């Protein structure tokens, strides 16, 4: 235990979920690599340390403890070597930029319009539930082959998997403090199995253009498919973050723009600025805030800390994206910040595989929103609360417009 960091013993899991930025501002200054007792792990808080660990030859991926309890093996985020190479080859075809550009407009734009048509003349909406989450899940769900799974159900599953995979608190002995918090993750997985097993049965015999059919068949000898137990953990990884994060990025970008009314006006007037607005939104409130980790494979010294082999380090990219070595007043959303590197998609061989797709989902969603409701305003009678340490985003976004 590091003596000058004794204050970390009193940091709680609830504090980090409600708002992790004050604790992490101290970590960035005091200890860029620091052991946080309630998380049971070293955490990397600065841009230099996160990028170093994520790209180091002396580290490889490891799943967080609660992530492992939630996803099992081989989750694409938690494995390395030949298995990781295979799972990357499995997921990459539909995410290739030239491929996304073929069909992303015809996928997302009619989905955004469908959800907008439900409320665009109301004069009020809660955009997280009514727009950002539905467009995110319906887009990806259709790409995957889950057309028949309602957006309400996809939203419920990612919320249960989020809480399970971020159920990280440990007690004085390093044991999970809230073991009952994994039960709703187990229940989501059981429901997913009941829906998806018959789809896999069908795709094995009758392949189609759905992404999960391609995960079963691509790259395989004739008449063979990847075993469903081998792909289900990556299906679960998708049904948490890939379903959740484009909605979170959309919504955080909107909260940021509302916080800078002159910048919201600029972006509504000039939608070619939407990609810049989104990149700043991701830096400003990173959707994947501290959900992944790496483990040393040899003894290594990082940020002055001598780590043995086998040491996990959580990558708190959402903190690294407020590093004041890189950014001026990072807690302020600013469209006009210079377009600098950021870590909201991670780094290294385990960096996000879906960046290009995700950026287009968020872009098309915001384009359609501002076209439909150009006089959109935040409802300032309602607070926006952000929640989450592992995955972070606004829990609601009440808006109003003159009808």
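Positions refer to the first chain, counted from 1.
Q: Tell me which stretch has the larger mean Cα B-factor in this entry, 336-344 or 41-49.
A: Result of the comparison: 336-344.
Q: Using only C-alpha atoms and the B-factors in the entry, which stretch averages higher, 218-226 or 134-142?
A: 218-226 has the higher mean C-alpha B-factor.
Q: Have a look at 374, 65, 32, 354 and flag the one whose Cα has the highest B-factor in the entry.
A: Reading the PDB entry, the winner on C-alpha B-factor is 374.
Q: Identify, among 271, 312, 72, 287, the residue whose C-alpha carries the highest B-factor in the deposited PDB entry.
A: Max CA B-factor in the entry, restricted to 271, 312, 72, 287: 271.
Q: Taking only the Cα B-factors deposited for this chain, tell me whether residue 385 sits in the lowest, middle or highest third.
A: Its C-alpha B-factor belongs to the highest third of this chain's values.
Q: Would you mind ranking residue 10 by its C-alpha B-factor against the rest of the chain and naming the third, lowest, middle or highest?
A: CA B-factor rank for residue 10: middle third.
Q: Which third of the chain holds residue 321 when residues are ordered by C-alpha B factor: lowest, middle or highest?
A: Within its chain, residue 321 is a lowest-third residue by C-alpha B-factor, going by the deposited values.
Q: Going by the recorded CA B-factors, say which third of the chain residue 245 sits in, lowest, middle or highest.
A: Ranked within chain, residue 245 CA B lands in the lowest tercile.
Q: Select lowest, middle or highest to describe the third in which the CA B-factor of residue 205 falls within its chain in this entry.
A: Within its chain, residue 205 is a highest-third residue by C-alpha B-factor, going by the deposited values.
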